[PDB]
Structures are given as C-alpha cells and as structure tokens.
Number of protein chains: 6
Amino acid sequence: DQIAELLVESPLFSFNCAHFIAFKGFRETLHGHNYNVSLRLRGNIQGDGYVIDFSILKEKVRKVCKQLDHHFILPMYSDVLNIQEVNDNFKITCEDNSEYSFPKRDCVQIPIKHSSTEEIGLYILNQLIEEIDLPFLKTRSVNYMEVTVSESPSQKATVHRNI
Amino acid sequence: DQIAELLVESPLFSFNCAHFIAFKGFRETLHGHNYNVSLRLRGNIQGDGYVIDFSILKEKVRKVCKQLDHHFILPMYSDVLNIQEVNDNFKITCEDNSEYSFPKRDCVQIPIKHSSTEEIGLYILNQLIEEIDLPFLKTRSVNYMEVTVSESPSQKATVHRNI
Amino acid sequence: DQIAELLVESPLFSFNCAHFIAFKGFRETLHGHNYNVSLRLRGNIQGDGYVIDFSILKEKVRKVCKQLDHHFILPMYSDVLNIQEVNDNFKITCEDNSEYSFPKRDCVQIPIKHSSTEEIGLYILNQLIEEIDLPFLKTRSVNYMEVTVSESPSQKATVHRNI
Amino acid sequence: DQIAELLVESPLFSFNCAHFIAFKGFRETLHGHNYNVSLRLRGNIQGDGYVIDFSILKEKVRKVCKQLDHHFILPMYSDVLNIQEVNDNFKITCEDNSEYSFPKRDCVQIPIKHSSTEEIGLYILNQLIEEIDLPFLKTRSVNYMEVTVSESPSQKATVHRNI
Amino acid sequence: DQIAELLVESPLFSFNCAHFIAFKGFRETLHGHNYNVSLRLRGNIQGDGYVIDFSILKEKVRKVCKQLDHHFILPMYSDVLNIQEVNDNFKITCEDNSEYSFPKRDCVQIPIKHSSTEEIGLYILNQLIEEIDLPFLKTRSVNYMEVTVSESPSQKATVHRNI
Amino acid sequence: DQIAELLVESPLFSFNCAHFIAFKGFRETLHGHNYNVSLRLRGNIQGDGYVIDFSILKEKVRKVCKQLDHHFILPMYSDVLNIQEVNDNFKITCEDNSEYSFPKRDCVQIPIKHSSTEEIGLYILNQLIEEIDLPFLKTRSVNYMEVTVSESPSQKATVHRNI
Ligand SMILES: Nc1nc(=O)c2[nH]c(=O)cnc2[nH]1
Ligand SMILES: Nc1nc(=O)c2[nH]c(=O)cnc2[nH]1
Ligand SMILES: Nc1nc(=O)c2[nH]c(=O)cnc2[nH]1
Ligand SMILES: Nc1nc(=O)c2[nH]c(=O)cnc2[nH]1
Ligand SMILES: Nc1nc(=O)c2[nH]c(=O)cnc2[nH]1
Ligand SMILES: Nc1nc(=O)c2[nH]c(=O)cnc2[nH]1
Ligand SMILES: [Zn+2]
Ligand SMILES: [Zn+2]
Ligand SMILES: [Zn+2]
Ligand SMILES: [Zn+2]
Ligand SMILES: [Zn+2]
Ligand SMILES: [Zn+2]
C-alpha cells in the first residue's frame, strides 16, 4: 500500500466576512477579511488511482465556505459578549459597553467562543468531515484530515483530526 | 530625458475592513475584505538616479492604508442609506428598512456614495496625492499617478490622474 | 465623469486543454496546459457605483472558459493540417505525415489557424464580447475590452478591442 | 548534529503534458496541464554548510521534468485501456470503445496504471532518487525524500520515501 | 485541549543582504538575495482564543529580520576565511587568495561557519526564541518552533526546535 | 492586421546581485537582491501565428540576466564614487570616505551612474534589444519593447522604447 497526501487550495475556497475579536480585557474594532481555507488529507492510493477524488473535496470545501461567506461571524459562545435578539436583529454589547446591531440574516451564528483563526479552523474542520462524510472517508482509507484557515495570507492557523 | 514608471505593491498596503454595497434597488449583507492598494506613477529619472524614492511612496501608501484599516467603511454620501448619530454610534437604515448600528469609532467616514472598489480607489488616489504632496511630485517630474484597489485579488479597479 | 479600469483574474478562469502548434515548416508534439484568462475593461463609473458589476464579468469569463476546458483545441482553419472526419473521430494528418486521431467529442473546433496563445486570445475576446453583449457593454459606458491568455504563467498574450 | 529540511520549488520544474484519467466505469476527455513538481528532503547539515547542494537537486528535478514535458502521458499498466502499436503510433481503445491514436514519439510510456497525480508523483519520486543516486544521498545523510506534483496549483499530491 | 499550528509569512519578513558561500575547496563570487523568513509553531489554543497572538510573532520576526537587513552577512566562524580588522573595515582573505574589504558597519557578524541558508536559519531560529522569550512561549503552551529561510523563493531551508 | 502584446515573466529571469545606491549626499550600506526582469512587447500576429516566438524571448532574457547574476553591480559612471584598480581588485571610495574592495571578477561593470532599479532597467532594455537584434524584431513587426526590473517584488521600475 502506498500513502499519499492530497492538498486542495484555491483563492476560491474563500469566505469574505466581517468579525471582531473579543476576550477578557480586549475588544477590537469591527473589520473583515477574505478568509481562505485549504484542506490536506492522507490515505492510501486506491485501485482507481486516487486517494479520494479531488472534485469531491473541492465541492465540499466550496459548500462550507459558501455558508460563511458574505456575513458577520457571530461567536455564539463568547463569555465577553452579550448577544441579544431585538426584533430581526442581533444586538451585541461588549465588556466596555460598546454596542453593535446587525440584521440576523447578515450574521452566521457559529458555535465558537472567539472569532479567531484557530477556532474558525476547528469549526471548519468539523463541518468538512461532516459534509464529506466520515464513513465515506473511511471507505477511501483516509486517516487524517487537516484544515488551514487564514484571515490574511500572512497569518494562518492549521488544525487536524486523526480519523 | 528618460521616462520610467514605478510600481509599488505589497500585501502590506492593506486595509482589512467591513462594508456593504447599497445602491437603488440593491443592498447586500455586511461582510469584509482584505483590501489591497498598489501605486503606479510616471516621471523622468532625476539626477540622483530615481524618478522618486520608493521609500517615500511606500511610507505614504502605508499611512493612507492605516487610516482605513480595521474599520467599517461608511459611505457618507450614499443616497440610499439613512445615517443617524445615536449616542456614540452610527445607525444606518436601508431602503429595505434593514438597520445596523456601530460605534462611531469603529467606522471610517469616507466622502463617497458607495463602498465600491472604484469609488474607494478614487478616494485613495486623492488622499495619496495629498499625502505625498502635489508640489513635491512636480519637483520630481511626476506627471501621472495611478491607484489599483482590490477587494480580493480576483477583482481590481484602477483609477488615475494626470498631474 | 470618472474613468475606471476593471480587472478580473483568477486561477478559476482556466481551461485545461491539449494542443500542438503547427505552421509552415514546424510541428510540435502533443501536450497541454492549464490556460488562464484575465479580462480588463475601461468605462465611466455609473450612478450605481460600478463601471459594470464584477459578478457579471466573472460569470461570463467562467462560461467561455468552461466551453474550452477539458478538450483538445482543434484549429479548424490551419493551412498545414489535414483534418478528416472518420466515424466519430477527427483524424489529423500533418505536413511531416504524422497522424493523430481523437474522438470528436474530445475536441473543441475553434475558428483559428494556429492554437497559439495570440490566436486563442483573439477568439476568447470575441466570444466574451458576445457573451457579455455589446449593447449591454455600451449601456454601461464600456469603451475598451482586453483579454490576456497564458499557456503557462511565464508567457502571456494580450489582445484588445475599442468598442 | 543539526537536521534541516530543504525544499526546492519553481515554475521551472514543470512538464506540460496531455493526459486523461481512465479507471473502471470512468473515462474522461483528452486534455492537459502544466504539471509542477517540488522536492523536499531531510538530513543533517554537513561540514560544508549544506545538507546537500540545492544546485544538484535543481539539476536532477529539471532533468526528470524534461523527460515528461511536451508529451502525452501514456499509462502503460492500465487495466481499462487497450494500447496497440500501429505503424509508428499508439492506438488506445477505451472501455466505452472510444479510440485515440498518437505518434509514439509524442507519448511518454510511464509504468503506472492511471495518469493520476498520485501515481505520477510516485513515479517521479522513484526517478528522482535514481537520478540523484541513493548512495550519494546517503553520503550526505539524507534520510527522507518527498515529491509534490500538481496538475494545477489548486490540487496537489505528495508522496515520500524514508531512505 | 486542542492543538493548533500557526504560520506567519510575509514578503515583509525579509533581509536584503550580500553574501558568498565558502567552504573547503569552494568559493563563490560576491552577490546577494532578498532573504525571506517564515515562522511556524504549535501549541494548545488558550482561553483567549489564540495559541499566541500573531501580532507578537510578527513584531519579533520583523525585529530579527531588520537586524540583518541591508548588510553583508559575515560568517565569523568560517574555517576557510581569514577575517582581519583593518582600520574601520573587515578585510576577508580567501583560500584562493581573493581579497575583500568592507566597512565594519556594512557587515553583520553572525556566529555561523558558512552563510548557507541552513546555518542562517539555525541562527534565526535561536534569535527568535530569545526575542519572543522562551518562558513566555511556555506560558502560552508552545512546544514547537520552526523557521524557514529562503535565499530565493525556489530554495528554502527549514529548521526546528522542540521546546 | 491584429496587434498582440506578449509578456514573458519568470522567477528564472533573475540576477542575484550585490549593490549599493550612492548619489550626492547619500550612500547606503552594501546589500543585495534577487532582481527580476520581465519583458513586454507589441507587434502584429504574423502568418505563423506568433508575434515573435516566446522561446527566443526567454532565451535572450535569460542570457542577459545570466551576465549580471552572482556579482556586485558596479556603476562605472558614478559621479560620487572613486573607482580604483588595485592589483586584481576594484577599490571604491565614497564621498564619506568609506572604502570597499572586491575582486574585479566578482564585479560587473555596467555603464550606469547609479545602481538604481530605473537605470538597471534602461541598461537591460538596451542589452535585450541588441541580443534579440533590432532588425530581427522589425522583421516580426515588433514596434514596442518594455522591461520591468524589480529589486524586490514590492518595488519595480518599467522602461520602454518605441522601435
Ligand atoms: N493567534 C491569533 N489568531 C488570530 O485569529 C488573531 N487575530 C488577530 O487579529 C490578531 N492576532 C491573532 N492571533
Ligand atoms: N464593479 C464592481 N465593483 C465592486 O466593488 C463590486 N463589488 C461587489 O461586491 C460586486 N460587484 C462589484 N462590481
Ligand atoms: N508567441 C508565441 N505564442 C505561443 O503560443 C507560443 N507557444 C509555444 O509553444 C512557443 N512559442 C510561442 N510563441
Ligand atoms: N485524487 C485525485 N487525483 C487526480 O489526479 C485527479 N484528477 C482529476 O482530474 C480529478 N480528480 C482527481 N483526484
Ligand atoms: N543546501 C544549500 N544551501 C545553500 O544555502 C546553497 N546556496 C547556494 O548558493 C547553492 N547551493 C546551496 N545549497
Ligand atoms: N526610485 C527608487 N529606485 C530604487 O532603485 C530605489 N532603491 C532603494 O533602495 C530605495 N529607493 C529607491 N527608489
Ligand atoms: Zn481580524
Ligand atoms: Zn464586498
Ligand atoms: Zn503549448
Ligand atoms: Zn487532468
Ligand atoms: Zn547566494
Ligand atoms: Zn538595494
């Protein structure tokens, strides 16, 4: 058996989003990024000549990216933000009493504590494994999945799961 | 006399900002970008061997970028947004009655009608000529200034002035 | 009125194709490329804040690229190739008596004399103006259209039309 | 002793080739790519200041690439292609009865089952170790060799050998 | 606990320097490079949402780069160079009796034997750990630090320390 | 007749050199760069399908680059440097009385006043037209030649000649 590592990466695997980091003692101003995602995986080359078809990987990365793209990333588990539902908006009040309000539909509520690159990457990795499907990955012999997310190309975070 | 065209471009000449486009009949959701700026100019090579010192160009592009970076870009002349001052926030009401509110300090109020790439580029070009200084540019023989702004590397707008 | 130049460019605006150059006294071996296309245009910024919406440009460039992608590029006007229809194949006989045969469906018959970068670019430019629609371009004030095609990133050809 | 990992990568380490994937139940149309190869290795830094001279690595990667470049990649061990010698051509008949014919000299016969990125990478890795020479690699303390091949920059396969 | 790997990389993390390689039996001519440095590290994501703040990493990489930038790199432990102090210059005499002389202030004396990419990388790694501070890295849970240095983008050396 | 513009650009069209800028009132420290050159030209597409064969352009750009590569760039017409021949070295004395000495063979004597990007570009343009040959360019209908030189990718100078 022959192991290969596949990498799919593209300026297409992007989500252009607004965010701000907040944690204990720190809040920054609202801004945004063209976030980019790459996926790496390892398995044995199968009888058909592939570890797993690149086209499936690309389809599923684009799908996950598209869910995030063109929204404000709202970290629904933050311990330093007060997230209120007001009519059809989310109102966010910070530790320093700063207030934001956005239409709910402009936001993507993500089960993270901070909109950091690291926590966004963990979320995406989990979503990708779900979307490609873990049993399907195992049929293809895949035993390692790894996502890299960048806020900007100069700063990236990479997370993995052995499966 | 020998003409040369200088180009300065860098992932450093960036402003990571939130925005949304609105015009008659169209509003999009809040999102953001790593905007990037390049500057091109033309003049004669001077006796010192330069058209104009690259380091001055870089300093002034970084300065203009830094003013925008890490904010929401607020187009203060939009004919389809109602921009209200509420306490220490800007409240923005759209044609479709969508409402946003952001701390004033999180916003940069820019004298444009739309936060399009084109209008942002025009603004930056004007600011750059002011910051480098038009009489200084003329002492160096510069007769053409051109800015390229990208929301994402795949889509760029370029504007110029003959001076 | 304010002129802007728009550029759309992406590793997505690709057509991965087989070809070979043939002209009088020269034939090369069958090979291929990841061809890439960029589009540049000029017009006035309209009241909506755009010269013309980038999304329309991207949609139409992708459409033209997709027609070419994943085929052999067959220059149907070559004066040095004998192009025969044999059953459901094209059989190509060269000046040096070299012979090729490919299923017709694997080929894209393009109204060019040589599969050079230059002639491919001319073809794409014409197709793009047709697909975006010339009257529509004129409604947006566009007066210049320019395509760059590369066989490989190190060698590109650029063609334009004033409209 | 101090371990270092060397990487050599260049748009020069390219082979511009035609191919098509075929496996049980699947055939695609003839097309091509600018394939790109990078080489990574690990060893101890030697007394001369290098793990192994980059110039040797580059020379040998270019040599292997040049053997493939500008041809159709013919997978000589495919279980779904019927590969016939007809005069000075190879005639290829597929499971769906599609037929191709190319001059033999336009083809590179490679001891692989599929012209996938993965199997091409395995072939290149083996060829590179042969060309650099395994005993020479061991004199330099090299204990790991790894090749990355891309059909297009967005999709890459990486294979390695511990030596 | 969740491990993440952070990467910071930028054309900004550059040192534009002159050098030449010399070892037993080999001297090359004086030349230079735009050297580039990237830093990778691993640790657990902390309660604040980061492994360690990217801004600290960037600040410290820029600081180390700036110390080297715009000088001749003088390997002070070379066994094949005779390094003499002459007035306010360093005079370097080679095995082949070639002689150089540079103002001392134009040189950076680095505790390496050869100005190879590998040895420069080792030096930078050590300097970076000192500048970020090893106890601080350990407070953040960082257990792995890795530097990549390139003389040119096509040839890179990577070194690491487990901490 | 159909005009096309050809561009050839590659990390291969490089010269890795040492230099320093000096002009009246300014001297900088010795350092270096991976300089890069691109060539753009315009002409009509000829009957063979090319403006001019890319391979000729590439060959001649590589040749010019190779002459400069791996040396100190010595501006032989500087009005602020005293350039002395001492044995088999060049000794350079600056306005501030700084002194350098390099073997003559490590230097390329270039007929420029400053080793600026602009003046290096002018020199390269002239050399390229000579190497490709002006009458040959005219046989191909070429009427415009343009060189871009960068010290680093963030700062480029472009010069042209109408022919
Ligand atoms: N580690 C880290 N992750 C981030 O997402 C991050 N974002 C910032 O804006 C500043 N530092 C950061 N540092
Ligand atoms: N021309 C143009 N300029 C933009 O800034 C723009 N932004 C978008 O989000 C979509 N289309 C655009 N089209
Ligand atoms: N001008 C030019 N156009 C091409 O498409 C081209 N293709 C080649 O393979 C070699 N030279 C070329 N030269
Ligand atoms: N894993 C994988 N390897 C390939 O070479 C490949 N080529 C394709 O055209 C489509 N999917 C692929 N998938
Ligand atoms: N391994 C290696 N390291 C270098 O820094 C290096 N520099 C050169 O100029 C030529 N070969 C090299 N080889
Ligand atoms: N115009 C310009 N040309 C150069 O070559 C240049 N080099 C520098 O080091 C600093 N500024 C520069 N400015
Ligand atoms: Zn951010
Ligand atoms: Zn946008
Ligand atoms: Zn070709
Ligand atoms: Zn393919
Ligand atoms: Zn070097
Ligand atoms: Zn310099």
Side-chain angles (χ1 to χ4, degrees), chain B residues 1-8 40-58 139-144, chain E residues 16 18 30-32 34 70, chain F residues 13-40 61 63-83 90 92 94-95 100 102 107-131 145-163:
Chain B
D1 269 302
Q2 297 281 353
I3 297 159
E5 178 180 285
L6 299 186
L7 173 66
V8 294
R40 179 172 326 236
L41 58 75
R42 299 168 187 153
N44 299 324
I45 303 166
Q46 301 299 294
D48 60 13
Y50 299 159
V51 178
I52 179 171
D53 189 346
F54 285 129
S55 301
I56 299 171
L57 306 186
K58 289 184 158 173
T139 72
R140 296 299 307 191
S141 82
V142 175
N143 71 1
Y144 181 84
Chain E
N16 299 351
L30 180 68
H31 64 285
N34 302 319
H70 258 246
Chain F
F13 304 167
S14 59
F15 46 105
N16 299 351
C17 290
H19 90 127
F20 63 89
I21 296 298
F23 54 84
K24 287 290 181 188
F26 179 76
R27 200 261 305 167
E28 72 186 341
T29 53
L30 180 68
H31 64 285
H33 301 294
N34 302 319
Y35 288 90
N36 188 259
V37 172
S38 67
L39 169 69
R40 179 172 326 236
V61 174
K63 181 176 188 196
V64 173
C65 289
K66 179 70 176 165
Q67 296 165 355
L68 299 161
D69 183 52
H70 258 246
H71 296 94
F72 175 83
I73 297 169
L74 185 55
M76 73 201 269
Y77 299 150
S78 179
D79 59 339
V80 297
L81 303 174
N82 183 314
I83 301 173
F90 289 119
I92 303 176
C94 300
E95 294 190 303
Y100 299 80
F102 312 128
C107 302
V108 289
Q109 280 199 295
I110 308 301
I112 63 181
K113 299 171 55 47
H114 315 90
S115 58
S116 64
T117 310
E118 292 93 319
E119 289 184 46
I120 292 167
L122 285 178
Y123 170 74
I124 291 180
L125 176 60
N126 188 68
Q127 289 301 115
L128 277 175
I129 288 162
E130 290 196 33
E131 292 279 2
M145 292 282 287
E146 174 196 289
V147 158
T148 300
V149 173
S150 65
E151 269 182 351
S152 73
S154 66
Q155 48 186 64
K156 307 185 179 186
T158 300
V159 295
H160 69 258
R161 196 190 297 174
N162 297 291
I163 61 169

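Just so it is clear: chains get the letters A, B, ... in the order the sequence lines come, proteins before strands, and each one is counted from 1. We use all heavy atoms of the structure for the numbers below, so side chains are in, but hydrogens, waters and symmetry mates are not.
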So, do [X] and [Y] sit near enough that their side-chain heavy atoms are less than 4.5 Å apart?
{"X": "F/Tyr35", "Y": "F/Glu151", "result": "yes"}
{"X": "F/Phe15", "Y": "F/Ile124", "result": "yes"}
{"X": "F/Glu118", "Y": "F/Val159", "result": "no"}
{"X": "B/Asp53", "Y": "B/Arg140", "result": "no"}
{"X": "F/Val108", "Y": "F/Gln67", "result": "no"}
{"X": "B/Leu6", "Y": "F/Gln155", "result": "no"}
{"X": "F/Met76", "Y": "F/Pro111", "result": "yes"}
{"X": "F/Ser38", "Y": "F/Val147", "result": "no"}

Please find the pair of heavy atoms, one from [X] and one from [Y], that lie closest to each other, and give the distance.
{"X": "F/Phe90", "Y": "F/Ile83", "answer": "CD2-CG2, 4.1 Å"}
{"X": "F/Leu122", "Y": "B/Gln2", "answer": "CD2-OE1, 3.6 Å"}
{"X": "F/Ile73", "Y": "F/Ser115", "answer": "CG2-CB, 4.1 Å"}
{"X": "F/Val149", "Y": "F/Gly121", "answer": "CG2-CA, 3.6 Å"}
{"X": "E/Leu30", "Y": "F/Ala18", "answer": "CG-CB, 4.1 Å"}
{"X": "B/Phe54", "Y": "B/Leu7", "answer": "CE2-O, 4.0 Å"}

Hey, what do you get for [atom1] ([X]) to [atom2] ([Y]), rounding to the nearest 0.5 Å?
{"X": "E/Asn34", "Y": "F/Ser154", "atom1": "CG", "atom2": "OG", "value": "8.5 Å"}
{"X": "F/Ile120", "Y": "F/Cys17", "atom1": "CD1", "atom2": "SG", "value": "7.5 Å"}
{"X": "B/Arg42", "Y": "B/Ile3", "atom1": "CZ", "atom2": "CD1", "value": "9.0 Å"}
{"X": "B/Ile52", "Y": "B/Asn44", "atom1": "CD1", "atom2": "CG", "value": "13.0 Å"}
{"X": "B/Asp48", "Y": "F/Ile21", "atom1": "CG", "atom2": "CD1", "value": "9.5 Å"}
{"X": "F/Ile112", "Y": "F/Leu74", "atom1": "CD1", "atom2": "CG", "value": "9.0 Å"}

Taking [Y]'s backbone N and O only, do any of them form a donor-acceptor pair with [X]'s side chain (distance below 3.5 Å, no angle check)?
{"X": "F/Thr29", "Y": "E/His70", "answer": "yes"}
{"X": "F/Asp69", "Y": "F/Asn16", "answer": "yes"}
{"X": "F/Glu95", "Y": "F/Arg27", "answer": "no"}
{"X": "F/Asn36", "Y": "F/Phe13", "answer": "yes"}
{"X": "F/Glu146", "Y": "F/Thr158", "answer": "no"}
{"X": "F/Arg40", "Y": "F/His160", "answer": "no"}

> For residues B/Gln46 and B/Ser141, is any side-chain donor paired with an opposing acceptor at under 3.5 Å?
Replying inline: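 Yes.
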
>> Please verify the inter-ring angle class for F/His33 with F/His19; under 30° counts as parallel, over 60° as perpendicular, anything in between as tilted.
In response: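 Ring orientation of F/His33 relative to F/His19: tilted.
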
> Parallel, tilted or perpendicular: which fits the ring planes of F/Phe23 and F/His114, with parallel below 30° and perpendicular above 60°?
Replying inline: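 Because their plane-to-plane angle is over 60°, the rings of F/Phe23 and F/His114 count as perpendicular.
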
>> For F/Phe20 and F/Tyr100, I'd like to know if the aromatic rings sit close, meaning centre-to-centre distance below 6.0 Å.
In response: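 Ring centroids of F/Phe20 and F/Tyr100 are less than 6.0 Å from each other.
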
> Would you say F/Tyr77 has more than 12 foreign heavy atoms packed within less than 6.0 Å of its OH?
Replying inline: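 Incorrect, the count does not exceed 12.
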
